[PDB]
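Participant: A single structure is presented below for examination.
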Amino acid sequence: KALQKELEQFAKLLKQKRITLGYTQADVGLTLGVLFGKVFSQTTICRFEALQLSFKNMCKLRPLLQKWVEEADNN
Amino acid sequence: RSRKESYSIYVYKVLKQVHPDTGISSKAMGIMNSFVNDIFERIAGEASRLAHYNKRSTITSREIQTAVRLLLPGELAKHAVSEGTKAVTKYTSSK
Amino acid sequence: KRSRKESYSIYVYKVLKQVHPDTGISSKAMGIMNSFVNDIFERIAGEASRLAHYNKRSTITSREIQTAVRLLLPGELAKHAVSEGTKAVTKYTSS
Amino acid sequence: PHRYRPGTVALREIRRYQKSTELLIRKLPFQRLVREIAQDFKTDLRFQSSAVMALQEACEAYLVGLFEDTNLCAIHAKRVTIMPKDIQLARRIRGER
Amino acid sequence: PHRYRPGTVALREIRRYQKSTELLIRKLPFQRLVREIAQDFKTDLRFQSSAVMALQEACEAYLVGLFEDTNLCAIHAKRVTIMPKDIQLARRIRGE
Amino acid sequence: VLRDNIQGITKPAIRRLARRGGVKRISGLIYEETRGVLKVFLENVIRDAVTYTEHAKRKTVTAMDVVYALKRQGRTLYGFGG
Amino acid sequence: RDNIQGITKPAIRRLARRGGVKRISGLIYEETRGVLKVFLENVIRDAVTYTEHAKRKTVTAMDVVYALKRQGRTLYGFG
Amino acid sequence: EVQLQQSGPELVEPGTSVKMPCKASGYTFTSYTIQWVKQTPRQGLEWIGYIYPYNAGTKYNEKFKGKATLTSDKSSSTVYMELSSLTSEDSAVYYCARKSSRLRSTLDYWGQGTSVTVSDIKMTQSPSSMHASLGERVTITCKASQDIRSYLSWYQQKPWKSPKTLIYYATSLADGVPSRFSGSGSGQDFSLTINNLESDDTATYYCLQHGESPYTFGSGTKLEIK
Amino acid sequence: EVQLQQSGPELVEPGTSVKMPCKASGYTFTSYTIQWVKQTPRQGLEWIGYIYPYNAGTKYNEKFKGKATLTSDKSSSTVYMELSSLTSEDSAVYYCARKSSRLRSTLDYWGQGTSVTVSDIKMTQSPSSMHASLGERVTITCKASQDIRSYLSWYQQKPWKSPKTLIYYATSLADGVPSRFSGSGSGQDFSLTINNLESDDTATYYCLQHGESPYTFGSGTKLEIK
Amino acid sequence: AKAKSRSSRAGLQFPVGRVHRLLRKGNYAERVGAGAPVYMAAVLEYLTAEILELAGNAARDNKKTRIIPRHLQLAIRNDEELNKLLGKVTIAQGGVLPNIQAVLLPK
Amino acid sequence: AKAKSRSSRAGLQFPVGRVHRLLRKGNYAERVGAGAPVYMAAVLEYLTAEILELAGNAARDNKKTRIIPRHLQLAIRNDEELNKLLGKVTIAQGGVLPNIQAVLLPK
Amino acid sequence: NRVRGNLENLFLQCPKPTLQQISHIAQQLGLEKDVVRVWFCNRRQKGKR
DNA sequence: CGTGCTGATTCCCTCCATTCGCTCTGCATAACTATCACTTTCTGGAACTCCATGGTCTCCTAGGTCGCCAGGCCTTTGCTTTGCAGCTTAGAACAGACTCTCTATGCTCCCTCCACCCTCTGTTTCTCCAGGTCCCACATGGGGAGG
DNA sequence: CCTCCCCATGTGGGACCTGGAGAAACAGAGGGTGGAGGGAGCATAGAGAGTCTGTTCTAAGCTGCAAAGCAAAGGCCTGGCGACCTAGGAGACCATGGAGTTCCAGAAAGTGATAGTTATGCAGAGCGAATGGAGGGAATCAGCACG
């Protein structure tokens, strides 16, 4: 109840920013692998924004896109 | 093998949207896929007949709205017409 | 300047004069006959279309029409209709 | 004077109306009923004569076939008088209810 | 000993078999019946397991609906026992 | 503005429709039930016919719309087109 | 090959108990066996016709589903 | 698959009535008419009548009205024939035959034939009898009186056996009949052609019309091998 | 077309039982549930329960369980409500309302209500009573204690009149309601906006949730103009 | 260049060309082989011939020489097969089959 | 430009593109008007959501987390409009409604 | 009778007087052209039988 | 002869242990999206013709009402007969496992057949007027009854 | 015996149905082209038929009896039969206005082709749902006792 709304909302702002800068899903996964050394496939990039996988797995990998979103704002 | 498509992920997304604690079985997913395919065939056949009656070679959202008014019973048809009109308005207003 | 309507009233009369030389027909009975021929045409053609769609084929052949006649028509009716269709196709692919 | 027993005229009426083909309801009350019913769906509608005619043959055929099913339900209950329970049972088995 | 009056265990069976969803005919006799019925149309043909299962589900659903209409006919005839005449009347009104 | 026209389906008309159906005896409460059943059937068929008419952007209900409505409800009618 | 006796008396009894039937006559079972045989022949004939059109020697669940459907007896849950 | 069971031979004294059953199995009983014909040495096969179990609709020959009545029992899947006031010329083999309600269809399957022993379109067959070798071609002519629009059938009958259907609709082969037999003709002139014979072709061949209301059989052609 | 006829007022002695009719017309009676709402000036509107005439399916509130009994009669198209063991706190107006079995649908058409005199989730509405001009903007909040999937409706009630449905599904307009009213919000936060005012809008506005099994109304806002 | 329409080449009276055009324009399949209208016209012609011949016989046993829809209804409803094909079909001005249940007759 | 889909444009979960492809290749018309799959997908999503919500409510009243076809049958048969839509439809492993006629009960 | 003789003068001379002769003869007898046409049609029908 | 308080059978609810179906996780891939050209297809607009309301007149036949009464429905009651409840024995189904072998699906070659297009033709559809035939009322003849 | 009225009948003429003589206009059919849908081989995984064994589990058969269906009888009550009145339906004849069809323009838009990119189907681990077993507690039901 309380967890899902946060993740579902956060998926909307990050995709809106993602579209504006013209990147791709593969490009975002490419940047995440460069930054934290934990590469993510393009499939998981889409599965995040469409909410395919577990709400537990939303909790685990959420801050990495949180770090990317704020860092993509600066560059 | 040969990649046969279904509506399982779509019905599961709808289920987790309307009941974010409730799962589903494989058999109930088969029932839901059969339901979606059957209603698709009914609405598409009624819209095809509606286009054929009026000497039209295209199926638009007006044909789909009239077909939904034909197959579905009263409040079911009213809410489905509201949902379809809302979706077409949102799709037109946003590319 | 209004456009023309088309029907089976000319061919149905020819078949009538074959099967009954001294026998007329009313206009209402011709309307019943036209509705009957149209209804059976849509039934067999839709059935054959479904048969071609189930088998992932893109063409309707005489095999699909034969199977649709077998599924739609009851026993001896389907047997004699298959006989007539086979004889006509054999006669057509010889000239 | 001379009087017929009950069921004798009622059997000759069955033999008379089953061999005839025309409509059994008067045309103008059925047309007025059709226009009254259709005015609740769309105002200022205007039917053709053949539309009301087709509606009358459809309704009369449906009512006649329901009356045969009602008669079968009445005979199953060891009766010859059809009752509203027979109509309800026939419409229940037919899927109309 | 203890013995239930007639109609009590019948109503218990009605409640029990209306509460559950499992199939009521054994699978092997229905499979043999399906194979012998299909023998008159094809001399040597195989059957998927799902095909026989779908046939069993459809046949049991048809028989349950026909028994519902049969019970309605029996009650309309002021009875609680279903007779073959009730089955014949129900299949006549249904158009079968 | 028409009102109370189901009473125009008179008791002798229902009796004639029962005689064509093979009915010997008719109870007195049959007629109101038959009027209700005929009314329900008429609103179903007329509602489908009016939907078919409004899709065609017409103010005139044609016989062909009635034929499509009857075909839709599984009561196919011969002799009025199609 | 017989095998209509495999639809036994308590199986028809269970199918009637699911239908809400309290008391069953003794002549119900043979009538029910004939009814089930007629229905099974009507469905299986169309299923075998659908199988023979596909040039197959195996009746699939899809053929049974299409056959059922054509009789106005649409079955969900088998594809 | 399709069987038309019948009873045995009935010895009957004149004056009373006799019953013949036609218990049918292997098909939907209500969808096919049951037709009764009789066979005598004196005049051969002749059609008596039929009974349609779908509506129990009877139709009799004009010379058999009153002499023969037909009833049906749908529950037992049986067709019963009553003959009343058996005269001296009633010792005959009585056959019941399945025939579909379609006009093209004919008496495809027959009963065994009950032997009863008592204490219009004219069919012209030009060869009454003929002899043939083991491999030649035989032609049998069935010129008719009036016009029948290809509604002719050809039957083969072994001695002391039921007739076997060969040709229906004047050209089409029956079920199980090989391609040696070939029907031809239309209108009033019809013919049956046997291509190469066997030892099983020694039989009596009949042609039957069902274009008019009284069905008439042929005079019969006897074919004897070597 | 659609109307729900209710009886007159009742002056009942305590300890007895009272019957309430809800005769219905203008629609297919079996396809719509009938809900019952009690209205007191101290607790506001309280949902009691509903009857489904399709299967005669009952559902009651927990505080009205046993005290209230709902029945249906499909022959006369009537819904009956039984109150037994009348406590002195039963002097209230009882409305019966139509509501479809669809989850999106709401209590759309209401009855006139019978005035009876004896001789979960909580909606918080922030303005209890507010004053507006002839052309001002009115915004009413209906903050919910729990989460509902946009299953909130907005109703307007005149003094001594039945409530009128304004908004269903928290954004959609009711039938016949002008587009001046506009609902917004989802989840736990909802709002109703009156665009421009008339003299008709002097009324009390309520919000009802039907996303969970006990249906709860709001406290209500009194809006009077000039 | 010449004669020989497709109906005359198949020995039919129902139009093979019109049936091919209706199969093409009826939105049944992407392609239509040129044996399907022949088979389809033959089946329609056989069904028309069977119903018209039975209705002509029904008119002939009515001292009439013109087929009315009553004769078509009498032809269709008196046959097991035909009734089964057209079992959910209403014929306008056709009436019903004349039958009375046996328990209604007086004795 | 990042290739956003049509379902997210319409705010749906059911696929607009797959429904467009099935409408195009399903032999229904010569053309598909590109707002028709949006309407179709919305109607299918609404019907799926209504059935799934009623089935989840039935599973919750049955104290079960998972939906089985019994819950779908109990959801469909208890609703008049849903049972009218699927009157000629058999749900596998769904059973029947608990319904004993009132005459059959004792006393 | 005089008009009858004037009309019956043309039995075997003009079997089909047509409109051109009919309009000329009708003014002479003071009768409508339709009456003359109907009379000549009836005369031709009587001659046919 | 009317409940009444033991006793028995069944149904519902609780607490462990899988375990097997579900959710979730990763990868290839094809299909869905963007963008550009281009060919339909609908959407106003104006003309039109045509057809379905809508009213009037007559008459005359079917509908509404009333009397009346016979037979058909309803209820009662006894009698039989026929399913149901229960117990015991056995035989048939269900489950797990291994063979095979024959089938269904996939890949390639390629080829034949079917769609596209132009042309010309025979076929199909819609009225329109002369002619033939049927009914119908009017003038004429002859018979019957009255003075 | 003379005269007036009424019935049977011949017949001229108006109206209805048909057939011919056109009448023309959509469209079926032939023939050339090419490309792609699907036959025809050719291989092969896999799954369905077959057999086998083992263990319960349910069905078949028989007995006792209660209660359901059935048939005879009487009451009554209601639906059919018949007659008198009368009013509304049916058929025809108008007037009309507003509705549905048609042609022209073209702006919108749906299709096709190509690139790409992404989200979706498929294969496989982790796990929490639930299913059965043991146990307890309550709902319900149906046969002797006291009054």
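Start at 1 and count along the chain as shown; that gives each residue its number.
Backbone N, Cα and C atoms are what each Cβ position is placed from, and that goes for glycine too.
Not my notes, these are from Swiss-Prot:
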BINDING   A:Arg18, A:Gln25  DNA binding site
REGION    A:41-47  region 'DNA-binding'
REGION    A:54-57  region 'DNA-binding'
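Tell me about the setting of these features in this model.
Facilitator: Counted within 10 Å of its Cβ, the other Cβ atoms near A:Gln25 (DNA binding site) come to 21, all protein chains included.
Under DSSP, the residues of the region 'DNA-binding' (A:41-47) split into helix, strand and coil as follows: 6 helix, 0 strand, 1 coil.
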Participant: With every protein chain in view, what's the tally of Cβ atoms within 10 Å of the Cβ of A:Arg18 (DNA binding site), excluding that atom itself?
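Facilitator: For A:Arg18 (DNA binding site), the 10 Å Cβ neighbour count is 22.
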Participant: Using DSSP, how many residues in the region 'DNA-binding' (A:54-57) fall into helix, strand and coil?
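Facilitator: Its residues divide into 3 helix, 0 strand, 1 coil.
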Participant: Please report the three-state DSSP label of A:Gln25 (DNA binding site).
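Facilitator: Once the DSSP labels are grouped into three classes, A:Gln25 (DNA binding site) ends up as helix.
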